[PDB]
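With PDB, C-alpha atoms (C1' of nucleotides) inside, this is target_11.pdb:
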```pdb
ATOM      1  CA  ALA V 307     -38.275  17.058 -30.918  1.00  0.00           C
ATOM      2  CA  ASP V 308     -39.220  15.004 -27.845  1.00  0.00           C
ATOM      3  CA  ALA V 309     -37.940  17.735 -25.509  1.00  0.00           C
ATOM      4  CA  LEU V 310     -39.847  20.470 -27.359  1.00  0.00           C
ATOM      5  CA  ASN V 311     -43.042  18.390 -27.520  1.00  0.00           C
ATOM      6  CA  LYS V 312     -42.675  17.787 -23.782  1.00  0.00           C
ATOM      7  CA  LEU V 313     -42.303  21.559 -23.388  1.00  0.00           C
ATOM      8  CA  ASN V 314     -45.554  22.116 -25.383  1.00  0.00           C
ATOM      9  CA  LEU V 315     -45.169  25.722 -26.508  1.00  0.00           C
ATOM     10  CA  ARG V 316     -48.468  27.478 -27.230  1.00  0.00           C
ATOM     11  CA  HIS V 317     -49.390  27.903 -30.932  1.00  0.00           C
ATOM     12  CA  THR V 318     -46.119  26.192 -31.907  1.00  0.00           C
ATOM     13  CA  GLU V 319     -45.472  22.918 -33.730  1.00  0.00           C
ATOM     14  CA  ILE V 320     -42.178  21.040 -34.065  1.00  0.00           C
ATOM     15  CA  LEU V 321     -40.904  20.093 -37.528  1.00  0.00           C
ATOM     16  CA  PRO V 322     -37.843  17.975 -38.423  1.00  0.00           C
ATOM     17  CA  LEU V 323     -35.709  17.756 -41.554  1.00  0.00           C
ATOM     18  CA  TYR V 324     -32.814  15.461 -42.509  1.00  0.00           C
ATOM     19  CA  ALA V 325     -31.492  13.303 -45.337  1.00  0.00           C
ATOM     20  CA  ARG V 326     -33.364  10.039 -44.707  1.00  0.00           C
ATOM     21  CA  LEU V 327     -36.665  11.956 -44.370  1.00  0.00           C
ATOM     22  CA  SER V 328     -39.818  10.935 -46.236  1.00  0.00           C
ATOM     23  CA  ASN V 329     -40.584  12.751 -49.483  1.00  0.00           C
ATOM     24  CA  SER V 330     -44.054  13.687 -48.218  1.00  0.00           C
ATOM     25  CA  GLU V 331     -42.600  15.027 -44.962  1.00  0.00           C
ATOM     26  CA  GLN V 332     -39.980  17.005 -46.902  1.00  0.00           C
ATOM     27  CA  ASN V 333     -42.875  18.554 -48.820  1.00  0.00           C
ATOM     28  CA  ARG V 334     -44.766  19.204 -45.558  1.00  0.00           C
ATOM     29  CA  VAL V 335     -41.734  21.233 -44.485  1.00  0.00           C
ATOM     30  CA  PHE V 336     -42.268  23.279 -47.663  1.00  0.00           C
ATOM     31  CA  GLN V 337     -46.042  23.743 -47.289  1.00  0.00           C
ATOM     32  CA  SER V 338     -47.806  26.516 -45.350  1.00  0.00           C
ATOM     33  CA  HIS V 339     -49.172  26.552 -41.793  1.00  0.00           C
ATOM     34  CA  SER V 340     -50.733  28.735 -39.108  1.00  0.00           C
ATOM     35  CA  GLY V 341     -48.657  29.921 -36.163  1.00  0.00           C
ATOM     36  CA  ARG V 342     -44.997  29.092 -35.516  1.00  0.00           C
ATOM     37  CA  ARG V 343     -42.994  26.042 -36.592  1.00  0.00           C
ATOM     38  CA  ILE V 344     -39.685  25.216 -34.908  1.00  0.00           C
ATOM     39  CA  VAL V 345     -37.648  23.355 -37.532  1.00  0.00           C
ATOM     40  CA  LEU V 346     -34.793  21.051 -36.496  1.00  0.00           C
ATOM     41  CA  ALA V 347     -32.531  20.463 -39.471  1.00  0.00           C
ATOM     42  CA  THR V 348     -29.135  19.216 -40.616  1.00  0.00           C
ATOM     43  CA  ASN V 349     -26.532  19.712 -43.342  1.00  0.00           C
ATOM     44  CA  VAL V 350     -29.382  19.033 -45.799  1.00  0.00           C
ATOM     45  CA  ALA V 351     -30.859  22.430 -44.932  1.00  0.00           C
ATOM     46  CA  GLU V 352     -27.349  23.851 -44.558  1.00  0.00           C
ATOM     47  CA  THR V 353     -26.527  23.070 -48.193  1.00  0.00           C
ATOM     48  CA  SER V 354     -29.399  22.020 -50.452  1.00  0.00           C
ATOM     49  CA  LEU V 355     -33.093  22.352 -49.637  1.00  0.00           C
ATOM     50  CA  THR V 356     -33.287  26.078 -48.632  1.00  0.00           C
ATOM     51  CA  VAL V 357     -36.218  25.828 -46.211  1.00  0.00           C
ATOM     52  CA  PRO V 358     -38.435  28.929 -46.584  1.00  0.00           C
ATOM     53  CA  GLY V 359     -40.102  31.166 -44.023  1.00  0.00           C
ATOM     54  CA  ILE V 360     -37.279  31.130 -41.464  1.00  0.00           C
ATOM     55  CA  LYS V 361     -36.780  34.188 -39.253  1.00  0.00           C
ATOM     56  CA  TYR V 362     -33.974  33.143 -36.876  1.00  0.00           C
ATOM     57  CA  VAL V 363     -31.279  30.450 -36.819  1.00  0.00           C
ATOM     58  CA  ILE V 364     -29.616  28.542 -33.949  1.00  0.00           C
ATOM     59  CA  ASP V 365     -26.083  27.313 -34.659  1.00  0.00           C
ATOM     60  CA  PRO V 366     -24.604  25.023 -31.986  1.00  0.00           C
ATOM     61  CA  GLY V 367     -21.525  24.862 -34.229  1.00  0.00           C
ATOM     62  CA  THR V 368     -21.653  21.074 -34.389  1.00  0.00           C
ATOM     63  CA  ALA V 369     -21.671  18.643 -37.280  1.00  0.00           C
ATOM     64  CA  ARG V 370     -20.659  15.096 -37.991  1.00  0.00           C
ATOM     65  CA  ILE V 371     -18.153  15.175 -40.862  1.00  0.00           C
ATOM     66  CA  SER V 372     -16.947  12.137 -42.797  1.00  0.00           C
ATOM     67  CA  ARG V 373     -13.288  11.182 -42.362  1.00  0.00           C
ATOM     68  CA  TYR V 374     -10.865   8.491 -43.514  1.00  0.00           C
ATOM     69  CA  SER V 375      -7.628   7.783 -41.643  1.00  0.00           C
ATOM     70  CA  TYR V 376      -4.610   5.625 -42.418  1.00  0.00           C
ATOM     71  CA  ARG V 377      -4.377   3.853 -39.051  1.00  0.00           C
ATOM     72  CA  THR V 378      -7.904   2.423 -38.990  1.00  0.00           C
ATOM     73  CA  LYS V 379      -8.294   2.005 -42.809  1.00  0.00           C
ATOM     74  CA  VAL V 380     -12.017   2.600 -42.207  1.00  0.00           C
ATOM     75  CA  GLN V 381     -14.364   5.472 -43.000  1.00  0.00           C
ATOM     76  CA  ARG V 382     -15.524   7.211 -39.822  1.00  0.00           C
ATOM     77  CA  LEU V 383     -17.745  10.265 -39.317  1.00  0.00           C
ATOM     78  CA  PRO V 384     -16.638  12.116 -36.158  1.00  0.00           C
ATOM     79  CA  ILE V 385     -18.515  14.959 -34.497  1.00  0.00           C
ATOM     80  CA  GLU V 386     -16.450  18.082 -35.187  1.00  0.00           C
ATOM     81  CA  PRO V 387     -17.048  21.826 -34.850  1.00  0.00           C
ATOM     82  CA  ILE V 388     -18.195  23.427 -38.097  1.00  0.00           C
ATOM     83  CA  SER V 389     -15.919  25.770 -40.027  1.00  0.00           C
ATOM     84  CA  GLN V 390     -16.025  29.549 -40.261  1.00  0.00           C
ATOM     85  CA  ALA V 391     -17.497  29.122 -43.751  1.00  0.00           C
ATOM     86  CA  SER V 392     -20.048  26.590 -42.476  1.00  0.00           C
ATOM     87  CA  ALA V 393     -20.944  28.975 -39.643  1.00  0.00           C
ATOM     88  CA  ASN V 394     -21.335  31.807 -42.164  1.00  0.00           C
ATOM     89  CA  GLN V 395     -23.574  29.646 -44.374  1.00  0.00           C
ATOM     90  CA  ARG V 396     -25.763  28.564 -41.437  1.00  0.00           C
ATOM     91  CA  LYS V 397     -25.847  32.239 -40.441  1.00  0.00           C
ATOM     92  CA  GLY V 398     -26.939  33.364 -43.905  1.00  0.00           C
ATOM     93  CA  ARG V 399     -29.683  30.702 -44.070  1.00  0.00           C
ATOM     94  CA  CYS V 400     -32.177  33.082 -42.240  1.00  0.00           C
ATOM     95  CA  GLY V 401     -32.051  36.486 -43.971  1.00  0.00           C
ATOM     96  CA  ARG V 402     -34.241  35.461 -46.906  1.00  0.00           C
ATOM     97  CA  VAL V 403     -37.632  36.987 -46.107  1.00  0.00           C
ATOM     98  CA  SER V 404     -36.774  39.532 -43.390  1.00  0.00           C
ATOM     99  CA  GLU V 405     -34.369  40.448 -40.596  1.00  0.00           C
ATOM    100  CA  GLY V 406     -32.336  37.540 -39.254  1.00  0.00           C
ATOM    101  CA  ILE V 407     -30.612  36.688 -35.980  1.00  0.00           C
ATOM    102  CA  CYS V 408     -28.068  33.877 -35.637  1.00  0.00           C
ATOM    103  CA  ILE V 409     -27.643  32.643 -32.064  1.00  0.00           C
ATOM    104  CA  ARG V 410     -24.425  30.626 -31.867  1.00  0.00           C
ATOM    105  CA  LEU V 411     -24.137  28.365 -28.813  1.00  0.00           C
ATOM    106  CA  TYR V 412     -20.389  28.966 -28.448  1.00  0.00           C
ATOM    107  CA  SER V 413     -17.842  31.770 -28.240  1.00  0.00           C
ATOM    108  CA  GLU V 414     -16.560  34.330 -30.735  1.00  0.00           C
ATOM    109  CA  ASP V 415     -12.977  33.432 -29.799  1.00  0.00           C
ATOM    110  CA  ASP V 416     -13.800  29.784 -30.522  1.00  0.00           C
TER     111      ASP V 416
ATOM    112  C1'   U I   1      25.186-136.955  87.420  1.00  0.00           C
ATOM    113  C1'   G I   2      28.574-137.015  94.207  1.00  0.00           C
ATOM    114  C1'   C I   3      31.449-131.882  95.148  1.00  0.00           C
ATOM    115  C1'   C I   4      32.352-126.610  94.025  1.00  0.00           C
ATOM    116  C1'   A I   5      37.862-123.361 100.050  1.00  0.00           C
ATOM    117  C1'   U I   6      37.865-117.871 102.550  1.00  0.00           C
ATOM    118  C1'   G I   7      36.700-112.331 102.404  1.00  0.00           C
ATOM    119  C1'   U I   8      35.643-108.992  98.586  1.00  0.00           C
ATOM    120  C1'   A I   9      32.792-102.109  94.937  1.00  0.00           C
ATOM    121  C1'   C I  10      27.575 -97.003  93.979  1.00  0.00           C
ATOM    122  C1'   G I  11      26.210 -90.634  93.601  1.00  0.00           C
ATOM    123  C1'   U I  12      21.425 -83.542  93.903  1.00  0.00           C
ATOM    124  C1'   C I  13      19.305 -77.990  89.912  1.00  0.00           C
ATOM    125  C1'   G I  14      19.823 -72.059  88.027  1.00  0.00           C
ATOM    126  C1'   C I  15      19.465 -66.108  83.412  1.00  0.00           C
ATOM    127  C1'   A I  16      17.173 -61.056  81.290  1.00  0.00           C
ATOM    128  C1'   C I  17      15.256 -55.953  77.847  1.00  0.00           C
ATOM    129  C1'   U I  18      16.627 -51.072  76.096  1.00  0.00           C
ATOM    130  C1'   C I  19      16.038 -44.282  74.160  1.00  0.00           C
ATOM    131  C1'   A I  20      10.506 -37.953  74.414  1.00  0.00           C
ATOM    132  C1'   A I  21       9.528 -32.294  72.637  1.00  0.00           C
ATOM    133  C1'   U I  22      15.057 -26.111  71.674  1.00  0.00           C
ATOM    134  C1'   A I  23      15.418 -18.291  67.210  1.00  0.00           C
ATOM    135  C1'   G I  24      15.711 -14.644  64.336  1.00  0.00           C
ATOM    136  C1'   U I  25      12.767 -11.954  59.506  1.00  0.00           C
ATOM    137  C1'   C I  26       9.644  -4.232  59.804  1.00  0.00           C
ATOM    138  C1'   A I  27       7.081  -2.183  55.523  1.00  0.00           C
ATOM    139  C1'   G I  28       4.982  -2.298  50.390  1.00  0.00           C
ATOM    140  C1'   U I  29       1.484   5.517  47.316  1.00  0.00           C
ATOM    141  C1'   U I  30      -3.835   6.400  44.447  1.00  0.00           C
ATOM    142  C1'   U I  31      -7.079   4.764  40.639  1.00  0.00           C
ATOM    143  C1'   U I  32      -8.838   1.678  36.305  1.00  0.00           C
ATOM    144  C1'   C I  33     -11.437  -0.748  32.289  1.00  0.00           C
ATOM    145  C1'   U I  34     -12.192  -5.916  31.183  1.00  0.00           C
ATOM    146  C1'   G I  35     -18.336  -9.572  30.503  1.00  0.00           C
ATOM    147  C1'   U I  36     -22.131 -11.496  27.066  1.00  0.00           C
ATOM    148  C1'   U I  37     -27.005 -14.222  23.359  1.00  0.00           C
ATOM    149  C1'   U I  38     -29.757 -13.232  19.955  1.00  0.00           C
ATOM    150  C1'   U I  39     -32.542 -13.890  14.470  1.00  0.00           C
ATOM    151  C1'   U I  40     -29.351 -18.284  12.682  1.00  0.00           C
ATOM    152  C1'   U I  41     -31.138 -19.605   5.267  1.00  0.00           C
ATOM    153  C1'   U I  42     -24.756 -16.674   4.310  1.00  0.00           C
ATOM    154  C1'   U I  43     -28.060 -17.670  -1.874  1.00  0.00           C
ATOM    155  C1'   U I  44     -30.463 -18.887  -5.967  1.00  0.00           C
ATOM    156  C1'   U I  45     -28.970 -17.623 -14.642  1.00  0.00           C
ATOM    157  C1'   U I  46     -29.158 -14.030 -18.435  1.00  0.00           C
ATOM    158  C1'   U I  47     -29.236 -11.141 -23.251  1.00  0.00           C
ATOM    159  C1'   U I  48     -29.490  -8.030 -28.312  1.00  0.00           C
ATOM    160  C1'   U I  49     -30.875  -0.340 -28.776  1.00  0.00           C
ATOM    161  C1'   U I  50     -29.585   4.011 -33.302  1.00  0.00           C
ATOM    162  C1'   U I  51     -29.309   7.468 -38.026  1.00  0.00           C
ATOM    163  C1'   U I  52     -23.199  14.317 -41.193  1.00  0.00           C
ATOM    164  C1'   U I  53     -23.764  14.125 -45.800  1.00  0.00           C
ATOM    165  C1'   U I  54     -23.597  14.508 -51.069  1.00  0.00           C
ATOM    166  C1'   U I  55     -22.597  13.546 -57.191  1.00  0.00           C
ATOM    167  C1'   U I  56     -21.765   9.216 -61.394  1.00  0.00           C
ATOM    168  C1'   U I  57     -22.382   8.087 -70.100  1.00  0.00           C
TER     169        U I  57
END
```
Can you dump the structure from the file as structure tokens?
Amino acid sequence: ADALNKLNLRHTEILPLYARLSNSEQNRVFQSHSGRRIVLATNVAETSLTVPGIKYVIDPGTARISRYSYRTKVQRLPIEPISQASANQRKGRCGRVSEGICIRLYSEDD
RNA sequence: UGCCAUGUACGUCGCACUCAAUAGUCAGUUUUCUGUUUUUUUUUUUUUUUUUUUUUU
């Protein structure tokens, strides 16, 4: 968000979404606008909220995932590449209203 | 308190100071660094920093 607001794209506003987000802000994601909104979201939008009015989707293929190992006896949440099913879900999150394009910031072999 | 017999033997002398000067043996390639003063103090205690994610009579 700071990088995009430093970029200052014309007729474009920057909109976040995550789990700890305010209820009012989560409704402001849902409300209308004028122009283009670049939404930066997480597994919340991957799974639950179904943010509307999205044309294209960027998948870096990256998510923290909870984990619990026997050596450390402690819950961790490492940064791991998302699955094929997670990639397919993030891909399908954009073809709701019209034609969708999923730009994945990694390789097809990967 | 009177007397004491006669002749009877002599000379001259020495001492010192000393002694010097002597044989043969030629030569050693070119070039080089090395070098000097001056400000001096070198050294002084620090700190809290980010967030997958989702459900429970």
Produce a table with one row for each residue of chain V that has an atom at most 12 Å from any atom of chain I, each row naming the nearest atom pair and its distance in Å at one decimal; use all atoms listed in the file; arrange rows by chain and rising residue number; format as a tab-separated table.
```
residue	atom	partner	partner_atom	distance
V:324	CA	I:53	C1'	9.7
V:325	CA	I:53	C1'	7.8
V:326	CA	I:51	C1'	8.2
V:327	CA	I:51	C1'	10.7
V:347	CA	I:52	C1'	11.3
V:348	CA	I:52	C1'	7.7
V:349	CA	I:52	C1'	6.7
V:350	CA	I:53	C1'	7.5
V:351	CA	I:53	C1'	11.0
V:352	CA	I:53	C1'	10.4
V:353	CA	I:54	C1'	9.5
V:354	CA	I:54	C1'	9.5
V:368	CA	I:52	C1'	9.7
V:369	CA	I:52	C1'	6.0
V:370	CA	I:52	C1'	4.2
V:371	CA	I:52	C1'	5.1
V:372	CA	I:52	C1'	6.8
V:373	CA	I:52	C1'	10.5
V:382	CA	I:52	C1'	10.5
V:383	CA	I:52	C1'	7.0
V:384	CA	I:52	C1'	8.6
V:385	CA	I:52	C1'	8.2
V:386	CA	I:52	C1'	9.8
V:387	CA	I:52	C1'	11.6
V:388	CA	I:52	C1'	10.8
```
Would you work out the distance separating atom CA of residue 320 of chain V from atom CA of residue 360 of chain V, expressed in Å to one decimal?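 Rounded to one decimal, the two atoms are 13.4 Å apart.
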Quick check, in Å to one decimal: how far apart do atom CA of residue 405 of chain V and atom CA of residue 317 of chain V lie?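 These atoms are spaced 21.8 Å apart.
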Determine the residue set returned by the PyMOL selection byres ((chain V and resi 402-404) around 12) for the present structure, and present it as a list in words.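 Selected by the PyMOL selection byres ((chain V and resi 402-404) around 12) here: residues 356, 357, 358, 359, 360, 361, 362, 363, 397, 398, 399, 400, 401, 405, 406 and 407 of chain V.
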Counting all atoms listed in the file, which residues have an atom no more than 12 Å from (-19.7, 30.4, -39.3) in the file's coordinates? Please list them as a list in words.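 Collected hits near the coordinates: residues 352, 363, 364, 365, 366, 367, 368, 387, 388, 389, 390, 391, 392, 393, 394, 395, 396, 397, 398, 399, 408, 409, 410, 411, 412, 413, 414 and 416 of chain V.
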Hey, which of V:380, V:315, V:355, V:310 ends up closest to residue 336 of chain V? Count only C-alpha atoms.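 Closest residue, counting only C-alpha atoms: V:355.
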Distance in Å - atom CA of residue 345 of chain V versus atom CA of residue 329 of chain V: 16.2 Å
Can you turn the PyMOL selection byres ((chain V and resi 340) around 12) into a concrete residue list for this file, as an MDAnalysis selection string? chainID V and resid 317:319 337:339 341:343 359
Give the centre and edge lengths of an axis-aligned box, in Å to one decimal, that holds all listed atoms of segment 347-354 of chain V with 6 Å on each side, as lines of an AutoDock Vina configuration file.
```
center_x = -29.5
center_y = 21.4
center_z = -45.0
size_x = 18.0
size_y = 16.8
size_z = 23.0
```
